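K.L.:
Keeping their order, the protein sequence lines are chains A, B, C, D, E, F and G. Going by this note's numbering, the first sequence wraps up at 205, each residue one higher than the last. Going by this note's numbering, the second sequence wraps up at 205, each residue one higher than the last. Going by this note's numbering, the third sequence wraps up at 316, each residue one higher than the last. Going by this note's numbering, the fourth sequence wraps up at 205, each residue one higher than the last. Going by this note's numbering, the fifth sequence wraps up at 316, each residue one higher than the last. Going by this note's numbering, the sixth sequence wraps up at 316, each residue one higher than the last. Going by this note's numbering, the seventh sequence wraps up at 316, each residue one higher than the last. For every residue, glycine included, the Cβ atom is placed at its ideal position computed from N, Cα and C. Below: one structure in structure tokens.
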Amino acid sequence: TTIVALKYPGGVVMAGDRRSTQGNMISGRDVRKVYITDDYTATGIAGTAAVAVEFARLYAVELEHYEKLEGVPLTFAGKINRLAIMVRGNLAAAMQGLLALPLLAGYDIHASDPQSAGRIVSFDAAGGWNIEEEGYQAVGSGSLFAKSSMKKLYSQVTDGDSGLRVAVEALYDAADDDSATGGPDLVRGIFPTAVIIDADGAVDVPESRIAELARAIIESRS
Amino acid sequence: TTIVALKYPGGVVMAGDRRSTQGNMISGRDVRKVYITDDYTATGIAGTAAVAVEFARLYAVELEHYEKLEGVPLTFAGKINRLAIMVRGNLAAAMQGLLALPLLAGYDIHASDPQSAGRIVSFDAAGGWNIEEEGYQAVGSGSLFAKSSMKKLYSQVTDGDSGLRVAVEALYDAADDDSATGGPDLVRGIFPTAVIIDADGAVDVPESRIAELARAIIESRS
Amino acid sequence: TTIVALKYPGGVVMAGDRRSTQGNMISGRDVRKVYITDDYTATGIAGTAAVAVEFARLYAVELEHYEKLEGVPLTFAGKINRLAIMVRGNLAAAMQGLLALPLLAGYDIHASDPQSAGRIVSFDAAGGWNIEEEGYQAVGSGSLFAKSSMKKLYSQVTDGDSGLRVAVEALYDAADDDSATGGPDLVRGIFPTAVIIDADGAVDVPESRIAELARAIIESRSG
Amino acid sequence: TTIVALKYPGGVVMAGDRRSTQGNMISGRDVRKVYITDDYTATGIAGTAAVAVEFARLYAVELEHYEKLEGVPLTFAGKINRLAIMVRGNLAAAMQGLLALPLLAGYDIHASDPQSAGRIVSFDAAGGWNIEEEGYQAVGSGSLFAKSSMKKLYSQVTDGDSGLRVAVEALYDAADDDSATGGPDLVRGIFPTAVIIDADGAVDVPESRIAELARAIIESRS
Amino acid sequence: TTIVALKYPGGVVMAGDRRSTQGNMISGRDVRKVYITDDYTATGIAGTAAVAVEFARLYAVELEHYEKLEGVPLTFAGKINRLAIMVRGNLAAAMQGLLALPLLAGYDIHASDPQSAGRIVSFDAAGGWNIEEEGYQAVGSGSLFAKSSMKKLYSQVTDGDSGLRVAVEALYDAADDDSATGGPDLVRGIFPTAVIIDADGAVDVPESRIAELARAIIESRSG
Amino acid sequence: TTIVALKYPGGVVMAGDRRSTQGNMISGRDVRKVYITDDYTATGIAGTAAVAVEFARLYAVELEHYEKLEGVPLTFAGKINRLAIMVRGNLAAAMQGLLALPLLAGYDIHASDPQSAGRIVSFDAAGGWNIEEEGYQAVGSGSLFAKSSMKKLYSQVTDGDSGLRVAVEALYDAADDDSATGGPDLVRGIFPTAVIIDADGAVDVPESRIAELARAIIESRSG
Amino acid sequence: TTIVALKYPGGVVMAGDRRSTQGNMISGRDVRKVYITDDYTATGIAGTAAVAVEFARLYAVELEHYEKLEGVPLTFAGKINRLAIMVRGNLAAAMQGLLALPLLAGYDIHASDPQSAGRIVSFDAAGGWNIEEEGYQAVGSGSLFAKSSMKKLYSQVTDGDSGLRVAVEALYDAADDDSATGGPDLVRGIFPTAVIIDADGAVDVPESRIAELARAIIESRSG
Ligand SMILES: Cc1cc(C(=O)N[C@@H](CC(=O)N2CCC[C@@H]2c2ccccc2)C(=O)N[C@@H](C)C(=O)NCc2ccc(F)cc2F)no1
Ligand SMILES: Cc1cc(C(=O)N[C@@H](CC(=O)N2CCC[C@@H]2c2ccccc2)C(=O)N[C@@H](C)C(=O)NCc2ccc(F)cc2F)no1
Ligand SMILES: Cc1cc(C(=O)N[C@@H](CC(=O)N2CCC[C@@H]2c2ccccc2)C(=O)N[C@@H](C)C(=O)NCc2ccc(F)cc2F)no1
Ligand SMILES: Cc1cc(C(=O)N[C@@H](CC(=O)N2CCC[C@@H]2c2ccccc2)C(=O)N[C@@H](C)C(=O)NCc2ccc(F)cc2F)no1
Ligand SMILES: Cc1cc(C(=O)N[C@@H](CC(=O)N2CCC[C@@H]2c2ccccc2)C(=O)N[C@@H](C)C(=O)NCc2ccc(F)cc2F)no1
Ligand SMILES: Cc1cc(C(=O)N[C@@H](CC(=O)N2CCC[C@@H]2c2ccccc2)C(=O)N[C@@H](C)C(=O)NCc2ccc(F)cc2F)no1
Ligand SMILES: Cc1cc(C(=O)N[C@@H](CC(=O)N2CCC[C@@H]2c2ccccc2)C(=O)N[C@@H](C)C(=O)NCc2ccc(F)cc2F)no1
């Protein structure tokens, strides 16, 4: 797997590949790893599939639960803390092979500067969290290739569309070097998934635009 | 890795993919896994790369050594036996992680019926060898996918071209279901390799013909 | 074992072999591995016989339990989640050898398009689930053979007859390459079991129809 | 450690960092890890220092040895083979923690096309060897970062000088993300070492040029 | 990691590096390891990032919890005891790999001599605690280089400014000899953090001040 | 560590070194290992620092807790038994490396002959206690050097001053032959600590007196 | 153990402590760990005493053997290589607990200018070797403290005499922080041993000069 998240002026973007493996064997081609966990938050998990899906579902439920009980959504800090506590809860099973690392991306409606209200948070198997203050981050077996690619491409990010394009390119490179990360499949028409978040909330990026960006990248490297 | 071999009327064809992994990481994209070990025999190996290459080189040198010392090539049974012995000798190292299994294709100039003078021989880690009588065979992490593909496609083989087609398509299904087997790279222009052997000997199938076949398959499945 | 399931226009079909082994020894020849778990869903399980039987029985009981307590049947998603939870619960035992993997085929009466209301769902030992969007799937020791077979035959599936044919042939290829999957036994008259599900519910396939299909496949492979 | 090597029109360049560690403790600041192993080849090793130095010294002795015994140097293929044999010979010790991997950069005086006479060969612990066709390569605890950096920077290589700059930058990104690879030390004035090889032979790149390049990179990233 | 702390006439200073690692890979560049845990104390922690952050957070919360429950803050000895107990509770996890050792700096308002009211306390994995009576201490993978450095520099501490400088130079030596401690980053403008505590309380040292001291130290080492 | 305790006419003296180590590394130069546990008893502990300090503190709290609850202090036998029970209760952790052995010195106000009212009780890891009838005892890694020294020097004890001297010399020999026991540090003016108990209770011995005794021993061995 | 060596303008100096241990027990007070292995080189070994002494003896014999056989002494690089090969050869015993690590200090009579002909080479258990270009190095249980001490004191090295002072003070700091390295023993009159090498060869430093320096260092730390 590879999940990528990067900040652009006024919002944030997260993308994920579609591949699922059992050792060397390909067990899935269209798995959706990026979830809209609330109006201003998207979560993307890598690792054991059962644990990842459970993480996304339970997490979303917990946030909305607090929102309905208290009539107000948690602060972003509280969201980070809840996610980390959940990851720490699974540490023993993670030692037994059921490991799942999430990557958090959101838009903080209470931050001071609305242009820099975008947020990207990494986690580790111990439940330690770190807010990324350098614009992008990745997680999964291709996360280093995606981070080194974004390190070079990030200067092209000036708005939503350029940020989305750099995210899809970083997923392209991750898949280029990591056999556990699926690239674009032109035969079947399956492309990475994406969520973008700004002042109006978190929305699913349409498949078509991601496909145009992918084909452009492909034709550019030929 | 996936290596395939199949018999067509009056000849045999062997083809292999180009991928090399270190776990999940792609360590090579243009590897050659099918070596012409002599004028009438080709060998394709799956497993530890350092071991497979040594297998091919040493095997070729042994067959030619016998030829030059005794003025005549080994009978096909002799070639089989020497390869089996070489594999058996590597069993200890193979248990300690350095495993490599070969597949042998050949054209027996001493067969009665030149129509079925093709030969396909498969091997196991303990030196066991079996002459395949059902037409085709495969070795490597994708070999089950490729064999089950050739089970459905083999009835279409009536000559070298259809055999090459079924071979490339079998490698395609392999890459499709196994991340350790590489599919055709249309961006970089890299395709599987193929050796074809008939009465005029063993010869390397040129890249452009395999590329044509691969593009046909890709266009058909869209 | 091999269980296969596949979608066809307006329905789903699932079939399973009849073999039971203790290592190399054959301990059963007529096992029923595919169960009608409710009016619109079948479950086929591969693994330790005892755990597979218990799974099917407890699962059917659970769905009907909810239905009677609440007056309405669970959504298909609910059914998935429930089977996955039950598999997750058995993980510790699975680590010690009491392993069972199910496969779920069903018709969703609440789907928008009635012709694509078929559903195929696969699971792993950790309770992960995936809704299969390529129309066919399989589980058990023969599942790779059966899947690579259906990968070539699936273009022939245009109705329930064709889908049943493809499914029986996939079980045949599985039995052909995997010794823990039993092929048709013409001497004893024992053939794989199968269920078909569509808008009118889920029905067992009479043994004689599977017999006809098995004889067709055999004679085809013969000449 | 990180060792990089890339091809440019008419030659090859190799560069390595200067860091030696004992776990977390920095035990070395000016280690030379890239050696001119003969008039047309340089080797750079990562891993256990004792083994690395042993490899460089002994390998050089073996090449020159053959040359004096036989009046002519080994073919590049022979050099590759000898280095792979050495590495395989160290495999048991490597299994016991005495691991060391070489990277080979050469210029083949017997190549047909003088522009594409550059050679880069990577190795694994089993003695497997692979000639790199895609232009660059690296080895060591930072090789992944350096390779992903060169993936984006390689299109700037048009002569020896731009290739050297790209190499030094790749080492810079390695040091950036990998604590076992040392960056430029402006306080002590210690910089990566580099060897450059073309038709006129292999020569050490003078430290001053690497200092200039490193400072250009540093200023650029400020 | 390297956390240092030292006493000067009238107060105490504590400073920490910014690096985060996962084996050899650098995973963090701006990590805050030194926290103001109450108006007159600062805890810095080395070890597993998760455990460290939870230690600082829970410790601060506990101190304020006592303060608000009983109307008065804990005695410094009480604070030491609470932190020691927290460290001891984590011992099993620590042996399992989730190790975290704190270092505690403080200014005791209830001490006899305000000029010597500064306090430095070090801890071990079993929860043992020692009040340092030689003026400086350090925790982490570069703590020994830091302490040996402060042994030679400490006679230059006569006030808060000299103390801050010596602390930053000790972290400099630590990063100089420890790949796991991060030295000043002049390209990104990231420097160690520091807290200073006197009778007016505990304040964060502004980044610009640490940057000035770092630049001065680096110029010194260059010439 | 080395703690020593010896009886003199009408009282008892206990003294301990000041060193703390982690393997070979010195982690403490001024550690106090001899605690006044009540007006008529001092305890000195060897082993893991955190356990030693916890023992001393908890034991004092227990003795005073009883004294306040029942209006009267425990008899000396009672104090022995509580210390022994505390030690036994730690035997599992001691098995896993949290090992700490105390050494008790006291003055039994209820004894008939005030000349022999001094008491010295040694313990082992399983809770065993033994009242020492021969007048001196020691505990720790230097304990054998200290006991063999006092075997030769004890006949010179006729009052508190000679007893104190012999205790300091015992510790001096211990430090001389045991690296985990700290000799006197004349560069820093740190010397072993001593508690003395007679009918007027237990008091800390001023550092000055121990210092003069130490210097007298050092010169007496310089020539 | 702690061995130090540093370059001074015109030569090199090596100094070694005198302690021997068996666990915490001090087994030796007068060990000589720094050997004149030939006219221009000294070797100081840390580790198992039998292995270290064997190393010094056999290495000296080997050098002189070559010298008498070929009429000319080995190049300094050759000396390095022979020592490294010896260490590498003992690696297996070293892993069974018979570990010994040498430090080599020499004067290369073939260097261009004689003011920088000093050489300091360190080694590891695998036979790796490194010519130190920063002026100083130490090996042993106290080498970290000694190195971080010389890091600060090395600017004071301007000739052989100041070199010896800094070497002895590095050893003093090592003994201050490491119980396995022995400090100066003023009662018994035992001090570290030292060799100095210049163009006139290698010479043992007379005990009286080492004692002078030691007393100066002590009377400086104390006041
Ligand atoms: C224990 C244990 C582990 C596994 C295992 O490896 N299970 C695989 C998954 C798998 O084979 N099956 C088959 C049936 C359903 C389940 C699936 C669920 C969802 C999607 C695709 C498949 C896995 O977890 N593989 C890992 C390596 C993986 O590919 N993870 C990708 C992933 C990331 C995030 C996410 F939300 C979902 C994902 F699948 N099985 O038992
Ligand atoms: C022990 C040990 C094993 C390995 C290891 O995993 N070594 C990898 C190979 C690898 O990373 N490198 C990098 C430098 C050279 C070597 C390479 C050689 C030839 C071609 C491409 C690369 C492997 O053996 N991977 C296996 C799983 C593989 O991919 N094998 C494919 C293969 C089959 C036949 C053949 F002839 C060549 C092949 F690469 N390393 O140490
Ligand atoms: C522990 C342990 C496991 C076993 C074991 O391997 N027990 C065998 C089964 C077996 O020998 N006997 C004999 C009498 C009853 C029992 C049976 C039950 C039901 C049906 C046919 C037989 C098994 O579990 N074999 C596995 C490998 C198998 O063949 N499983 C096929 C299967 C799948 C699903 C299902 F519902 C029923 C099945 F038999 N014994 O102890
Ligand atoms: C067994 C065993 C292993 C080690 C060990 O970790 N030994 C370290 C090296 C080390 O501490 N010392 C100190 C004295 C000489 C030796 C050194 C050699 C050469 C240069 C600088 C120092 C190592 O090998 N570390 C590895 C991880 C390393 O840093 N490798 C970088 C490197 C690559 C190629 C090369 F030629 C030289 C190198 F140092 N020691 O015993
Ligand atoms: C089990 C297990 C261990 C680890 C692990 O090694 N986790 C690393 C930390 C890490 O890679 N990540 C990535 C995202 C979150 C987490 C992070 C949190 C906060 C700040 C920066 C990062 C660690 O713990 N490394 C240790 C060795 C370390 O670097 N410790 C320095 C440190 C000290 C105090 C402190 F408060 C925070 C620190 F990072 N993960 O699972
Ligand atoms: C598990 C585990 C063990 C240790 C460990 O060995 N911890 C050391 C002590 C140590 O390094 N530190 C560092 C700061 C706090 C703590 C300290 C506490 C109190 C006084 C001085 C230091 C120890 O216990 N060493 C033992 C071998 C020792 O020297 N014990 C002497 C001693 C006896 C009685 C007593 F009351 C205090 C003592 F220090 N740590 O985690
Ligand atoms: C196995 C095994 C190990 C040991 C062991 O611990 N052997 C001790 C040495 C020891 O107790 N004795 C007593 C009589 C002779 C022998 C001695 C030799 C020479 C000088 C002084 C004593 C050691 O090796 N201790 C180590 C930890 C040590 O202290 N090493 C310091 C040292 C370095 C270099 C050198 F040349 C001599 C030294 F003593 N014995 O068997």
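What residue does the alpha helix (DSSP H) around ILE173(C) start on, and which one ends it?
P.N.:
Here residue 173(C) is taken as the residue at index 80 of the third sequence, counted from 1. Note, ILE173(C): alpha helix (DSSP H), 169 to 182.
K.L.:
Go to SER10(D), then tell me how far its beta strand (DSSP E) extends in each direction, as first and last residue.
P.N.:
Reading the fourth sequence from its first residue, position 27 is the one you call residue 10(D). Here the beta strand (DSSP E) through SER10(D) covers 8 to 11.
K.L.:
Report all residues from its chain with a CB closer than 7 Å to the CB of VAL298(G); omit the five preceding and five following residues, and keep chain order.
P.N.:
If you number the seventh sequence from 1, residue 298(G) lands on position 205. Closer than 7 Å at the Cβ level, and outside the excluded window around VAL298(G), lie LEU257, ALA287, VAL288 and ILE289.
K.L.:
So, are the CB atoms of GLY125(B) and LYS(-10)(B) less than 8 Å apart?
P.N.:
For the purposes of this step, residue 125(B) is taken as residue 142 along the second sequence, with counting starting at 1. For the purposes of this step, residue -10(B) is taken as residue 7 along the second sequence, with counting starting at 1. In this structure, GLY125(B) keeps its C-beta atom at 8 Å or more from the C-beta atom of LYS(-10)(B).
K.L.:
Compare the C-alpha of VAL170(D) against each of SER315(E), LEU191(E), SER255(E) and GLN249(E) and name the closest.
P.N.:
Within the fourth sequence, the letter at position 187 stands for residue 170(D). Checked all of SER315(E), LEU191(E), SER255(E) and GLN249(E); the closest Cα to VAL170(D) is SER315(E).
K.L.:
When the Cα atoms are used, what is the spatial distance from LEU156(E) to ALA163(B)?
P.N.:
Within the fifth sequence, numbered from 1, the residue matching residue 156(E) stands at position 63. Within the second sequence, numbered from 1, the residue matching residue 163(B) stands at position 180. Straight-line Cα distance between these residues: approximately 56 Å.
K.L.:
Rounded to a whole number of angstroms, what is the C-alpha to C-alpha distance between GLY276(C) and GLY118(B)?
P.N.:
Sequence index remark: in the third sequence, residue 276(C) carries index 183 (1-based). Sequence index remark: in the second sequence, residue 118(B) carries index 135 (1-based). If I take the Cα positions, the gap works out to 23 Å.
K.L.:
Between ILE28(B) and ligand 2, is the CB less than 7 Å from at least one heavy atom?
P.N.:
As a first step, residue 28(B) is located in the second sequence; it is residue number 45 there, counting from the start. Yes, ligand 2 has a heavy atom inside 7 Å of this Cβ.
K.L.:
Please identify, using Cβ separations under 8 Å, the residues of the stretch 263 to 277 of chain G that lie next to chain F, in order along the chain.
P.N.:
Flagged, chain order: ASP269, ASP270, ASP271, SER272 and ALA273.
K.L.:
At a CB distance below 9 Å, what residues from the stretch 130 to 142 of chain B approach chain C? Give them in sequence order.
P.N.:
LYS130, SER131, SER132, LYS134, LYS135 and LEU136
K.L.:
With DSSP collapsed to three states, give me the class of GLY172(D).
P.N.:
Position 189 of the fourth sequence, counting from 1, holds the residue named residue 172(D). DSSP places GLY172(D) in coil when its eight states are reduced to three.
K.L.:
Examine chain A for any beta-carbon lying closer than 8 Å to the beta-carbon of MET8(B), and answer yes or no.
P.N.:
Taking the first residue of the second sequence as 1, we reach residue 8(B) at position 25. For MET8(B), the closest Cβ of chain A is nearer than 8 Å.
K.L.:
What does the alpha-carbon distance come out to for the pair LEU246(F) and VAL259(F)?
P.N.:
Within the sixth sequence, the letter at position 153 stands for residue 246(F). Within the sixth sequence, the letter at position 166 stands for residue 259(F). About 6 Å.
K.L.:
Count the C-beta pairs between the stretch 88 to 102 of chain D and the stretch -14 to 1 of chain D that are closer than 8 Å, then say yes if the count reaches three, no if not.
P.N.:
yes
K.L.:
Using the rule of at least 16 other Cβ atoms within 10 Å of the residue's Cβ for burial, across every protein chain shown, is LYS161(G) buried or exposed?
P.N.:
Your numbering for residue 161(G) matches position 68 in the seventh sequence. Burial call: exposed.
K.L.:
Label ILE283(G) either buried or exposed according to how many other C-beta atoms from any shown protein chain fall within 10 Å of its C-beta, with 16 as the threshold for buried.
P.N.:
As a first step, residue 283(G) must be located in the seventh sequence, where it is residue number 190. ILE283(G) should be labelled buried.
K.L.:
By the criterion of Cβ-Cβ separation under 8 Å, what are the contact partners of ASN183(E) in chain F?
P.N.:
The residue given as residue 183(E) occupies position 90 in the fifth sequence. Those within 8 Å of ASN183(E) in chain F number zero; the least Cβ separation is about 13 Å.
K.L.:
Could you tell me the alpha carbon to alpha carbon distance between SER191(B) and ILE92(D), rounded to whole angstroms?
P.N.:
Residue mapping note: residue 191(B) aligns to position 208 of the second sequence, counting from 1. Residue mapping note: residue 92(D) aligns to position 109 of the fourth sequence, counting from 1. Straight-line Cα distance between these residues: approximately 30 Å.
K.L.:
If you measure from each residue's Cβ to the nearest non-hydrogen atom of ligand 6, which ones come out under 6 Å, in chain order?
P.N.:
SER215(E), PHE216(E), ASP217(E), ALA218(E), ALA219(E), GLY221(E), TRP222(E), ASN223(E), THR94(F), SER113(F), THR114(F), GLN115(F), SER120(F), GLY121(F), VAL124(F), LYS126(F), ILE138(F), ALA139(F), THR141(F), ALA142(F), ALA145(F) and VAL146(F)
K.L.:
Who are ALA231(E)'s beta bridge partners in DSSP?
P.N.:
Against the fifth sequence, residue 231(E) aligns to sequence position 138. The partner list for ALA231(E) (beta bridge, DSSP) reads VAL97(E).
K.L.:
For chain A, check one thing: does any of its Cβ atoms lie closer than 8 Å to the Cβ of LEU41(D)?
P.N.:
Residue 41(D) sits at position 58 when you count from the first residue of the fourth sequence. So, not an interface residue.
K.L.:
Does the distance from the C-beta atom of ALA263(C) to that of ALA231(C) stay below 8 Å?
P.N.:
In the third sequence, counting from the first residue as 1, residue 263(C) sits at position 170. In the third sequence, counting from the first residue as 1, residue 231(C) sits at position 138. A contact, by the Cβ cut-off of 8 Å.
K.L.:
Look up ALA304(E) in the DSSP assignment and give the residues it is bridged to.
P.N.:
Here the question's residue 304(E) lines up with position 211 in the fifth sequence. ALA304(E) pairs with nothing; no bridge assigned.
K.L.:
Report the residues of the stretch 104 to 127 of chain D with a CB closer than 7 Å to any CB of chain A, ordered along the chain.
P.N.:
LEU127
K.L.:
Sort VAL146(E), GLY190(E), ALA153(E) and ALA198(E) by Cα distance to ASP131(E) and report the nearest one.
P.N.:
Here residue 131(E) corresponds to residue number 38 of the fifth sequence, with the count starting at 1. Comparing Cα positions, the closest option is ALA153(E).
K.L.:
Could you give the distance in angstroms between the alpha-carbon of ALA197(B) and the alpha-carbon of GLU115(B)?
P.N.:
In the second sequence, counting from the first residue as 1, residue 197(B) sits at position 214. In the second sequence, counting from the first residue as 1, residue 115(B) sits at position 132. About 27 Å.
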